[PDB]
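Start counting the sequence shown at 2; every next residue gets the next number (the deposited numbering).
Positions of the beta carbon are idealized from the N, C-alpha and C atoms, including for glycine.
Worksheet for the structure shown next.
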Amino acid sequence: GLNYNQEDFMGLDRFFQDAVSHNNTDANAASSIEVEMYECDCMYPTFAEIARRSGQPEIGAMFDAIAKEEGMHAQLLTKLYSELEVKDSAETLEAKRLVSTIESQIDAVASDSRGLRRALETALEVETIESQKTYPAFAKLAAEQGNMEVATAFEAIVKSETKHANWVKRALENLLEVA
Ligand SMILES: [Fe+3]
Ligand SMILES: [Fe+3]
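Written as structure tokens, this is what we have:
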């Protein structure tokens, strides 16, 4: 065989960040807020710039639209936990550093067709994990704990992240269709 799994081109897969599981729903909300704001603030704007600089403005507009919706998810949870003090974990700080190293190479990243391909594939990876695993698990726990309002919020976030996965897949299919 190859003898190893190659890491993705330019480390773009490490843009994906997952919320951390806890026993307590306030802490799951805090972790979600953290990650969703990182995607709103940092991840998706960077993907949008890769798209634009690759000559793909429509896909860039999609990433800008998704970014705003990640902020909506965070703001719903903030409304429910008004007093929470959310801080970036080590892993979010590392991801923000990575974002800044791609920004300072943005021209090279975009000029290679893998830049945008891997950005879309990383978006798909997070939207998949969020929609199918992480936020269903948070919704289930919140319900178990009798926290109906927060369970309902996570169920709405699940719906939205599922939509994003669909958007991203359709965009990937078109990106890769030349004609
Ligand atoms: Fe998200
Ligand atoms: Fe999303």
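For residue i, the nearest candidate out of the options (CA to CA)
i: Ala31; options: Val87, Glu70, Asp14, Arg54; result: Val87
i: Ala120; options: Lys164, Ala52, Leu78; result: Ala52
i: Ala140; options: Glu131, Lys134, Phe155; result: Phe155
i: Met73; options: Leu85, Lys170, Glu40, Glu95; result: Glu40
i: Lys170; options: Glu128, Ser33, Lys97; result: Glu128
i: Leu176; options: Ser161, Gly116, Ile130; result: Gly116
i: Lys80; options: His165, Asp27, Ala166, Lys160; result: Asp27
Counted within 10 angstroms of its Cβ, other Cβ atoms place residue i as buried (16 or more) or exposed
i: residue 1; result: What the structure shows of the chain is the stretch from 2 to 180, and residue 1 is not part of that stretch, so it cannot be assessed.
i: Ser55; result: buried
i: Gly61; result: buried
i: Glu59; result: exposed
i: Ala91; result: exposed
i: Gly12; result: exposed
i: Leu94; result: exposed
i: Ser132; result: buried
i: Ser161; result: buried
i: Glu145; result: exposed
Straight-line gap, residue i to residue j (C-alpha atoms, nearest Å)
i: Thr153; j: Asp108; result: 42 Å
i: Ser105; j: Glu150; result: 42 Å
i: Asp14; j: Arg118; result: 11 Å
i: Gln18; j: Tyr82; result: 22 Å
i: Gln7; j: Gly147; result: 44 Å
i: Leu173; j: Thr102; result: 24 Å
i: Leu85; j: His23; result: 15 Å
i: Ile67; j: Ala49; result: 10 Å
i: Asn29; j: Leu3; result: 39 Å
i: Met38; j: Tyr5; result: 34 Å
Assigned secondary structure, residue i (DSSP; H/G/I helix, E/B strand, else coil)
i: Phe139; result: helix
i: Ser112; result: helix
i: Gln18; result: coil
i: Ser32; result: helix
i: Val179; result: coil
Inset, instruction - Could you tell me which uninterrupted alpha helix (DSSP H) segments, each at least 4 residues in length, are contained entirely in the region 80 to 105, listed from first to last along the chain? - result: 91 to 104
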